[PDB]
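I have placed the structure first, in the form of structure tokens, so that the comments after it can refer back to it.
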Protein chains: 2
Amino acid sequence: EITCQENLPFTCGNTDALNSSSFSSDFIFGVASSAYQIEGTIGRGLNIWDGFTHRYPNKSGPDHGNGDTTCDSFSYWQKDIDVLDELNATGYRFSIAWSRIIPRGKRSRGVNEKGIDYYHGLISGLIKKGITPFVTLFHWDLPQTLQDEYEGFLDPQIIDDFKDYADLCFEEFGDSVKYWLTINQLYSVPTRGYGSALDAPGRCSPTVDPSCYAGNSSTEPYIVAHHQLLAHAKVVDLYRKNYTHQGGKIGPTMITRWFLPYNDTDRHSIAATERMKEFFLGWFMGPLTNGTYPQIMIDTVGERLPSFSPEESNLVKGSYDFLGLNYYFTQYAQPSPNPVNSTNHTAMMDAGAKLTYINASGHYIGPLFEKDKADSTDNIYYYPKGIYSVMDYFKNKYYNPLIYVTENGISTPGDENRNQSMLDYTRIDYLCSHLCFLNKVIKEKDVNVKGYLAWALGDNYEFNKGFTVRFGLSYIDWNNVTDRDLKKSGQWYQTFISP
Amino acid sequence: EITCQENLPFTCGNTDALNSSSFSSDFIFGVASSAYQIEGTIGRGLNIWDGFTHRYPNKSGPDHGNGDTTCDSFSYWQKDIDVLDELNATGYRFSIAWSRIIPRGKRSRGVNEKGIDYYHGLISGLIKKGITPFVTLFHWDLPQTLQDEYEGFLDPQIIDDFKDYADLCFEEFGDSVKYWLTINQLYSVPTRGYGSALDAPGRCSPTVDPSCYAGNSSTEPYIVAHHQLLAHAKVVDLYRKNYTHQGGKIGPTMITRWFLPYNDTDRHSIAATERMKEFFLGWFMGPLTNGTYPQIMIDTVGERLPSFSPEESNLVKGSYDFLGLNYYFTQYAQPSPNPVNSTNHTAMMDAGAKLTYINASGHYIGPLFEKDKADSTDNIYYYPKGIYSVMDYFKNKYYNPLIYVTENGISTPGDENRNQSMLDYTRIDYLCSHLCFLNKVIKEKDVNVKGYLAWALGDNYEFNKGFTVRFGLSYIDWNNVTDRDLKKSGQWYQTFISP
Ligand SMILES: *[C@@H]1O[C@H](CO)[C@@H](O[C@@H]2O[C@H](CO)[C@@H](O)[C@H](O)[C@H]2NC(C)=O)[C@H](O)[C@H]1NC(C)=O
Ligand SMILES: *[C@@H]1O[C@H](CO)[C@@H](O[C@@H]2O[C@H](CO)[C@@H](O)[C@H](O)[C@H]2NC(C)=O)[C@H](O)[C@H]1NC(C)=O
Ligand SMILES: *[C@@H]1O[C@H](CO)[C@@H](O)[C@H](O)[C@H]1NC(C)=O
Ligand SMILES: *[C@@H]1O[C@H](CO)[C@@H](O)[C@H](O)[C@H]1NC(C)=O
Ligand SMILES: *[C@@H]1O[C@H](CO)[C@@H](O)[C@H](O)[C@H]1NC(C)=O
Ligand SMILES: *[C@@H]1O[C@H](CO)[C@@H](O)[C@H](O)[C@H]1NC(C)=O
Ligand SMILES: *[C@@H]1O[C@H](CO)[C@@H](O)[C@H](O)[C@H]1NC(C)=O
Ligand SMILES: *[C@@H]1O[C@H](CO)[C@@H](O)[C@H](O)[C@H]1NC(C)=O
Ligand SMILES: [Zn+2]
């Protein structure tokens, strides 16, 4: 019988008690990255994260940081491989920058051979060290040209441009890459990119944020989400019809959270909690498992919710071999009004829920996850049991899928000096406590989880935060980015992997 | 009788001997800037100078600098006005960033109202201080979307997108702006952007520079130059047909140089010198004055030189009310082979000339202009008489045009400390020696020159050089960009203007 801790102090950093041998022999352990966050702009065209961070520097991070140079994995990809080799990792998730291989967006405009060569060399280097690549086609970095031609995922033109990009990736890299992710965190671009305008491309209703160049936060999230699902599904169909000889697997990436009632004896909070599951997870998992959006979304969102045709429904339903599930934290849910006629209405209001990290009796859900220095009542707290609850829910609700945990990690402040930054015991605690619950759910609930990739390989540009936080298991000096030095967490993870 | 110095030491920094009163009462004196170089990316979309500097950081400058934040004239435009007011300047040349007012490139995709407001406030502030705006529509910063959709000026689609952009500018700003420049330095994008790939977008033949993503240095410069002329001419026709009520004037910007024979008794060097005038100046001025390219270009370039239809010829011929002439330096010319079958052939080779700053007897043409620390035999030297020779030539060869000198200036090294940087006596010498010759040519040759704008108002991002050189008449601290402090040159220029 497995017992796992939910509160500080944690004792799962002892590899005598928790290590890779606790999991099945074939289980993959590694780390993750994304292209905007690590590569730099050298050698690629411009994408909407370049555009957004440059047009709206205060939205890029408090330091106005961006991905222009970052950790320079364009130059230092071998050093990334070296970290993975030091870890004895068996997996690495990275993304392909669309703008590096097709700078002009549309494949018929030509490819960048040198960009293709960059990923060939990375892939070959990984495989030579026994590391399985997990490759994200689209980690938010849409070529700027496509956003300017037709507003990107706002328009159905995205589907064929994404398909042709993906086809090039399968053609060039699929002989070696056997695990593909289509779109990173399906929920995020619709809501943050087109709802709150916290993320690229930065569209919203005028009264939500007067700096947005255009948008409608009530309608566009739904349009974009719908196009994401269709573009994803078209790529999965292309993969499974035209690249079956490659013997690989493909799936989407979800951001997952668990949700608990703010007041577990209040029917209204219980209802809000179940609505959140539907609106947060079901928005995408309903289509992916059934070809339809959840009924509560149909009912609430009404004419703002697009319909799938019968052909589209069939294309989207079942459009995965596995799910990449990202998991960071859990929220309490309580009811909230949905003012659909307000000029500041957002899609996110349609769930009719307010989310907190403290429940009605004043209980904080778990240890600190992210401090918010401008408003401490907005601090985020984590909840290790949430990974158990999410995986159990996916198994039970969503037809026992094959799952890889494609991100899980925690930040430390960029204000810490290097010695403090390397002494990242809070990261060991977060990672181990989640791994304990992941082992527990696999054993107790028989969830088909076959790997775990911690966020992040190394310090990088963090969307929305610049270089003001660090997520890496290895440390990068922003004054001299060449080295990636394993932190205490990376050293712990090395021991966990090879105990 | 006016006597002007050609060699150090110069004594024209004495405003007792040379000042604004030496020129006609109406003559405009000011300074110049461009949008990529000064504004920053905040509040605008991405353009090909963002793309180029980010994809090819070693081509942005030795420091890998770029226009992301620069002097932040987005925030500090009032401080630019303040410099101009301190100078008692009567003119200011600035550019509109296309990506700030139409981030999606094509006008039908929507405009950025806040971008429009930015230029309205600048323009209104200038006029309130008695400063005449000279506004460049296109200072190289093409929206990235257009380059990615159709490769920008490589394709005739540029013409209508440029026209619709210009129409928006005339509509929004032409009630106040009475001097418009279409395209900055017509020669530069074809040759550097599409020939040598030193400049955005960075296209060339594969053996010219293997880093180029695509291109053909032998053909594309000509295509791009042809489209520039057509796009320019379509905008001038639009202006003069639809905006005549505004009572303003429009013209192109030329980069001018003079050319002297490397050996003034050698017929081959004399011939190369005359070819250079045709290939450098006539490439554009032939079309602008006659609707045809120079015969030597027709003959040499052959099938690589596009033809104008009779309608196009008529549109381009006479498509200016004035010329903005930029002038920095003069070169000696000697013959050079034109290897049209070589895989590394460039359009620039078609002139059949090699350019130097030292003549056959070892004479350097004038004082140092720009030191090249990697190769000192590649140092640039200036030649004050060249402004006289250029203006005389334009009057005689090109039908006595109205001229404004739209740039003239010199750099100092970014390695200098602030006190050295503010003690910019080399800049006084360059500016005064050229102003002396400009007065001389107006008086002696009756060239219709009606203003002079020195490059640059303040230190900025220099194309190709990052922040490794400074051109400003006012100093900017890159650690805190708010202030623009007049250098010795700016203080001199203040006295020259109001002696
Ligand atoms: C807030 O969360 C706390 C902690 O989960 C809940 O308190 C638990 O309540 C259960 C059922 O009453 C008790 O058996 C436990 O002993 C309590 N745990 C502790 C740490 O107090 C609490 O019920 C939640 N409040 C609401 C209103 O939902
Ligand atoms: C190189 O440039 C120098 C300077 O312009 C030329 O020298 C001048 O030559 C003229 C005509 O012979 C003489 O009257 C001057 O006195 C010379 N000036 C000085 C400073 O020497 C020289 O002829 C040029 N060489 C060539 C080969 O063209
Ligand atoms: C940040 O930038 C936007 C312009 O993009 C401006 O609207 C907003 O006021 C600025 N935010 C703060 C908090 O200053
Ligand atoms: C607009 O929304 C903000 C945040 O969503 C809220 O605090 C404010 O009350 C809203 N105003 C109206 C008019 O509803
Ligand atoms: C930068 O870091 C690398 C790796 O430690 C080191 O070899 C190189 O000398 C350092 N550069 C400077 C300028 O210190
Ligand atoms: C600069 O960058 C390009 C890649 O864009 C590379 O081809 C070239 O070798 C580098 N130049 C030098 C001098 O290192
Ligand atoms: C290619 O050109 C470079 C510079 O243009 C020159 O130095 C070299 O000799 C040329 N090679 C051939 C094959 O002509
Ligand atoms: C930056 O420069 C401005 C103008 O001199 C000054 O007022 C401001 O205090 C300076 N900022 C810092 C942080 O020194
Ligand atoms: Zn940047």
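Chain lettering (A, B, ...) mirrors the order of the structure tokens, residue numbering begins at 1 for each chain separately, and ligand numbering begins at 1 in order of display.
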Determine which residues of chain B sit within 9 Å of chain A, taking into account only C-alpha atoms, and present them as a PyMOL selection string. chain B and resi 40-48+50-58+68-69+100+103-106+109-114+143-151+211+213-214
Keeping only C-alpha atoms, write the selected residues as a PDB file, in the first residue's frame.
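Output saved as again-v1.pdb:
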```pdb
ATOM      1  CA  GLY B  40      10.719  50.059 -30.283  1.00  0.00           C
ATOM      2  CA  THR B  41       8.352  47.184 -30.962  1.00  0.00           C
ATOM      3  CA  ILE B  42       5.860  48.131 -28.254  1.00  0.00           C
ATOM      4  CA  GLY B  43       2.485  48.805 -29.781  1.00  0.00           C
ATOM      5  CA  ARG B  44       3.260  47.546 -33.283  1.00  0.00           C
ATOM      6  CA  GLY B  45       3.306  44.408 -35.317  1.00  0.00           C
ATOM      7  CA  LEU B  46       6.451  42.719 -36.538  1.00  0.00           C
ATOM      8  CA  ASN B  47       8.360  43.754 -39.645  1.00  0.00           C
ATOM      9  CA  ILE B  48      11.206  42.303 -41.667  1.00  0.00           C
ATOM     10  CA  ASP B  50      12.512  42.472 -36.547  1.00  0.00           C
ATOM     11  CA  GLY B  51      12.552  39.221 -38.531  1.00  0.00           C
ATOM     12  CA  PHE B  52      15.996  39.698 -39.983  1.00  0.00           C
ATOM     13  CA  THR B  53      17.673  40.849 -36.806  1.00  0.00           C
ATOM     14  CA  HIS B  54      16.154  37.976 -34.877  1.00  0.00           C
ATOM     15  CA  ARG B  55      16.792  35.229 -37.439  1.00  0.00           C
ATOM     16  CA  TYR B  56      20.300  36.457 -38.327  1.00  0.00           C
ATOM     17  CA  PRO B  57      21.572  38.124 -35.150  1.00  0.00           C
ATOM     18  CA  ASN B  58      25.128  38.398 -36.390  1.00  0.00           C
ATOM     19  CA  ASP B  68      13.306  46.003 -29.851  1.00  0.00           C
ATOM     20  CA  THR B  69      13.535  48.908 -27.410  1.00  0.00           C
ATOM     21  CA  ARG B 100       2.349  50.262 -36.273  1.00  0.00           C
ATOM     22  CA  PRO B 103       0.048  45.451 -38.259  1.00  0.00           C
ATOM     23  CA  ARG B 104      -1.498  42.861 -40.606  1.00  0.00           C
ATOM     24  CA  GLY B 105       0.046  44.582 -43.653  1.00  0.00           C
ATOM     25  CA  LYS B 106      -3.026  44.708 -45.883  1.00  0.00           C
ATOM     26  CA  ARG B 109      -7.384  43.496 -42.346  1.00  0.00           C
ATOM     27  CA  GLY B 110      -7.849  46.486 -40.098  1.00  0.00           C
ATOM     28  CA  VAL B 111      -5.933  49.390 -38.730  1.00  0.00           C
ATOM     29  CA  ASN B 112      -4.365  50.024 -35.356  1.00  0.00           C
ATOM     30  CA  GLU B 113      -6.120  53.124 -34.054  1.00  0.00           C
ATOM     31  CA  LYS B 114      -3.667  53.543 -31.218  1.00  0.00           C
ATOM     32  CA  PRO B 143       5.336  44.105 -42.239  1.00  0.00           C
ATOM     33  CA  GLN B 144       6.645  40.557 -41.875  1.00  0.00           C
ATOM     34  CA  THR B 145       3.343  39.114 -43.049  1.00  0.00           C
ATOM     35  CA  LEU B 146       3.896  40.643 -46.499  1.00  0.00           C
ATOM     36  CA  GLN B 147       7.342  39.181 -46.805  1.00  0.00           C
ATOM     37  CA  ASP B 148       6.003  35.823 -45.776  1.00  0.00           C
ATOM     38  CA  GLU B 149       2.924  35.952 -47.994  1.00  0.00           C
ATOM     39  CA  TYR B 150       4.672  36.962 -51.205  1.00  0.00           C
ATOM     40  CA  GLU B 151       8.236  38.009 -50.441  1.00  0.00           C
ATOM     41  CA  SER B 211      22.861  31.661 -44.544  1.00  0.00           C
ATOM     42  CA  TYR B 213      17.015  31.495 -46.803  1.00  0.00           C
ATOM     43  CA  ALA B 214      16.403  31.961 -50.528  1.00  0.00           C
TER      44      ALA B 214
END
```
Name the residues of range 176-363 of chain A that come out as helix (DSSP H, G or I) in a backbone DSSP run; write them as a PyMOL selection string. chain A and resi 188-194+220-242+244-246+267-290+295-304+310-316+347-351
Range 18-184 of chain A: which residues are strand (DSSP E) by DSSP, as a VMD selection string? chain A and resid 28 to 32 91 to 95 132 to 138 179 to 183
Write the selection just made, keeping C-alpha atoms, as an mmCIF file, in the first residue's frame?
```
data_model
loop_
_atom_site.group_PDB
_atom_site.id
_atom_site.type_symbol
_atom_site.label_atom_id
_atom_site.label_comp_id
_atom_site.auth_asym_id
_atom_site.auth_seq_id
_atom_site.Cartn_x
_atom_site.Cartn_y
_atom_site.Cartn_z
ATOM 1 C CA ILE A 28 9.874 6.930 -19.633
ATOM 2 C CA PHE A 29 11.395 9.655 -17.492
ATOM 3 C CA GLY A 30 12.674 12.946 -18.836
ATOM 4 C CA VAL A 31 12.183 16.650 -19.185
ATOM 5 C CA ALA A 32 10.500 19.090 -21.571
ATOM 6 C CA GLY A 91 12.590 10.941 -22.945
ATOM 7 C CA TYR A 92 12.786 14.532 -24.029
ATOM 8 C CA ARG A 93 9.918 16.671 -25.171
ATOM 9 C CA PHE A 94 10.827 19.583 -27.390
ATOM 10 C CA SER A 95 8.963 21.546 -30.018
ATOM 11 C CA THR A 132 13.130 9.027 -26.963
ATOM 12 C CA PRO A 133 11.951 12.275 -28.584
ATOM 13 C CA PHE A 134 8.431 13.538 -27.905
ATOM 14 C CA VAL A 135 7.993 16.294 -30.462
ATOM 15 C CA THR A 136 5.445 19.086 -30.247
ATOM 16 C CA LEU A 137 4.501 20.435 -33.691
ATOM 17 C CA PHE A 138 2.907 23.606 -32.369
ATOM 18 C CA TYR A 179 5.838 10.313 -30.477
ATOM 19 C CA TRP A 180 4.197 13.454 -31.806
ATOM 20 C CA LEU A 181 2.185 16.112 -30.022
ATOM 21 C CA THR A 182 0.007 18.352 -32.159
ATOM 22 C CA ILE A 183 -0.969 21.500 -30.284
#
```
Using only C-alpha atoms and all ligand atoms, which protein or nucleic acid residues are at most 8 Å from ligand 4, as a PyMOL selection string? chain A and resi 207-208+339+342-345
Produce a file of the selected residues containing N, CA, C and O atoms, as a compact mmCIF listing (two decimals), in the first residue's frame.
```txt
# COMPACT_ATOMS: atom_id res chain seq x y z
N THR A 207 -13.01 46.57 -23.95
CA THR A 207 -13.10 46.91 -22.55
C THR A 207 -12.46 45.91 -21.66
O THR A 207 -12.23 46.18 -20.48
N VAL A 208 -12.04 44.74 -22.18
CA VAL A 208 -11.25 43.80 -21.43
C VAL A 208 -9.83 44.29 -21.28
O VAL A 208 -9.25 44.30 -20.19
N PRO A 339 -22.19 37.26 -17.00
CA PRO A 339 -22.85 38.43 -17.57
C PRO A 339 -22.64 38.52 -19.07
O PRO A 339 -21.87 39.35 -19.55
N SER A 342 -22.53 41.93 -20.85
CA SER A 342 -21.55 42.93 -20.46
C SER A 342 -20.54 43.08 -21.62
O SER A 342 -20.11 42.09 -22.24
N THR A 343 -20.08 44.30 -21.84
CA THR A 343 -19.08 44.52 -22.90
C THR A 343 -17.78 43.83 -22.50
O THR A 343 -16.98 43.54 -23.39
N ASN A 344 -17.54 43.57 -21.22
CA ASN A 344 -16.31 42.89 -20.81
C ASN A 344 -16.52 41.39 -20.64
O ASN A 344 -15.65 40.72 -20.10
N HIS A 345 -17.60 40.85 -21.18
CA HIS A 345 -17.79 39.41 -21.06
C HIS A 345 -16.64 38.64 -21.72
O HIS A 345 -16.20 38.99 -22.82
```
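We find CA of residue 259 in chain B and CA of residue 426 in chain B to be spaced 23.3 Å apart.
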Neighbour list for residue 356 in chain B as a ChimeraX atom specification, cut-off 10 Å, only C-alpha atoms, skip fewer than 5 positions in-chain: /B:259-262,330-334,364-365,377-381
Pick out the residues no farther than 6 Å from ligand 5, counting only C-alpha atoms and all ligand atoms, and list them as JSON, numbers by chain. {"A": [480, 482, 483]}
Environment of ligand 2 within 6 Å, counting only C-alpha atoms and all ligand atoms, reported as a PyMOL selection string: chain B and resi 262-264+359-361+363
Applying 12 Å and only C-alpha atoms, which residues near residue 1 in chain B remain after dropping the ones on its own chain fewer than 2 positions away? List them as a PDB file with N, CA, C and O atoms, in the first residue's frame.
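The new file out-v6.pdb reads:
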```pdb
ATOM      1  N   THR B   3      34.707  80.013 -50.350  1.00  0.00           N
ATOM      2  CA  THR B   3      35.765  79.021 -50.304  1.00  0.00           C
ATOM      3  C   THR B   3      35.394  78.023 -49.211  1.00  0.00           C
ATOM      4  O   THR B   3      35.029  78.392 -48.103  1.00  0.00           O
ATOM      5  N   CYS B   4      35.506  76.756 -49.518  1.00  0.00           N
ATOM      6  CA  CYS B   4      35.209  75.679 -48.615  1.00  0.00           C
ATOM      7  C   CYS B   4      36.367  74.722 -48.480  1.00  0.00           C
ATOM      8  O   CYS B   4      37.035  74.378 -49.488  1.00  0.00           O
ATOM      9  N   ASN B 439      26.012  75.335 -49.265  1.00  0.00           N
ATOM     10  CA  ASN B 439      25.782  76.760 -49.543  1.00  0.00           C
ATOM     11  C   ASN B 439      26.461  77.165 -50.812  1.00  0.00           C
ATOM     12  O   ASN B 439      25.939  77.908 -51.650  1.00  0.00           O
ATOM     13  N   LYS B 440      27.699  76.716 -51.000  1.00  0.00           N
ATOM     14  CA  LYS B 440      28.489  77.069 -52.192  1.00  0.00           C
ATOM     15  C   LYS B 440      27.782  76.609 -53.436  1.00  0.00           C
ATOM     16  O   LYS B 440      27.723  77.369 -54.413  1.00  0.00           O
ATOM     17  N   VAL B 441      27.255  75.373 -53.475  1.00  0.00           N
ATOM     18  CA  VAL B 441      26.636  74.928 -54.717  1.00  0.00           C
ATOM     19  C   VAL B 441      25.324  75.645 -54.988  1.00  0.00           C
ATOM     20  O   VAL B 441      24.963  75.889 -56.126  1.00  0.00           O
ATOM     21  N   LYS B 443      24.697  78.768 -54.223  1.00  0.00           N
ATOM     22  CA  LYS B 443      25.050  80.086 -54.723  1.00  0.00           C
ATOM     23  C   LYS B 443      25.675  80.026 -56.097  1.00  0.00           C
ATOM     24  O   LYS B 443      25.421  80.919 -56.923  1.00  0.00           O
ATOM     25  N   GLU B 444      26.557  79.067 -56.355  1.00  0.00           N
ATOM     26  CA  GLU B 444      27.314  79.054 -57.609  1.00  0.00           C
ATOM     27  C   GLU B 444      26.602  78.414 -58.739  1.00  0.00           C
ATOM     28  O   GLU B 444      26.841  78.775 -59.876  1.00  0.00           O
TER      29      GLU B 444
END
```
Quick one: of A:289, A:477, A:466, A:256, who's nearest to ligand 9, counting only C-alpha atoms and all ligand atoms?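 For ligand 9, the nearest of the candidates is A:466.
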Minimum-distance residue to residue 405 in chain A, chosen among A:252, A:310, A:302, A:366 (using only C-alpha atoms):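 Among A:252, A:310, A:302, A:366, it is A:252 that comes nearest to residue 405 in chain A.
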Between A:86, A:161, A:6, A:392, which residue has the minimum interatomic distance to residue 491 in chain A, considering only C-alpha atoms?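 Smallest distance to residue 491 in chain A is found for A:86.
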Residue 250 in chain A: which residues within 12 Å, counting only C-alpha atoms, same-chain residues fewer than 4 positions away excluded, as a ChimeraX atom specification? /A:134-137,166,170,174,177-183,232-240,243-244,246,318-324,402-404
When you look at residue 202 in chain B with a cut-off of 7 Å (counting only C-alpha atoms), what residues show up, excluding the ones that are within fewer than 3 positions of it in the same chain? I need them as a VMD selection string. chain B and resid 52 193 to 194 197 to 199 212
Name all residues at most 8 Å from residue 219 in chain A (count only C-alpha atoms; drop same-chain ones fewer than 6 positions away) and give them as a ChimeraX atom specification. /A:304-305,346-347
Print the selection's residues with N, CA and C atoms to a file, as an mmCIF file, in the first residue's frame.
```cif
data_model
loop_
_atom_site.group_PDB
_atom_site.id
_atom_site.type_symbol
_atom_site.label_atom_id
_atom_site.label_comp_id
_atom_site.auth_asym_id
_atom_site.auth_seq_id
_atom_site.Cartn_x
_atom_site.Cartn_y
_atom_site.Cartn_z
ATOM 1 N N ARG A 304 -22.834 31.128 -29.615
ATOM 2 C CA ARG A 304 -21.397 31.417 -29.672
ATOM 3 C C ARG A 304 -20.595 30.111 -29.797
ATOM 4 N N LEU A 305 -21.182 28.962 -29.681
ATOM 5 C CA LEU A 305 -20.435 27.724 -29.748
ATOM 6 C C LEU A 305 -20.538 27.143 -31.127
ATOM 7 N N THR A 346 -16.208 37.592 -21.104
ATOM 8 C CA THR A 346 -15.238 36.683 -21.680
ATOM 9 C C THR A 346 -15.778 35.288 -21.698
ATOM 10 N N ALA A 347 -15.254 34.460 -22.608
ATOM 11 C CA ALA A 347 -15.600 33.062 -22.680
ATOM 12 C C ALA A 347 -15.402 32.351 -21.362
#
```
Looking at A:118, A:98, A:357, A:393, which one is nearest to ligand 6, with distances taken over only C-alpha atoms and all ligand atoms? A:118
Nearest to ligand 7: which of B:206, B:458, B:367, B:251 is it, counting only C-alpha atoms and all ligand atoms? B:206
Give the answer as one residue: which of B:79, B:462, B:253, B:489 has the shortest atom-to-atom distance to ligand 8, using only C-alpha atoms and all ligand atoms?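 Closest to ligand 8 of all the choices is B:79.
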So what do you get for CA of residue 169 in chain B versus CA of residue 116 in chain B, distance-wise?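 Taking CA of residue 169 in chain B and CA of residue 116 in chain B, their separation equals 8.7 Å.
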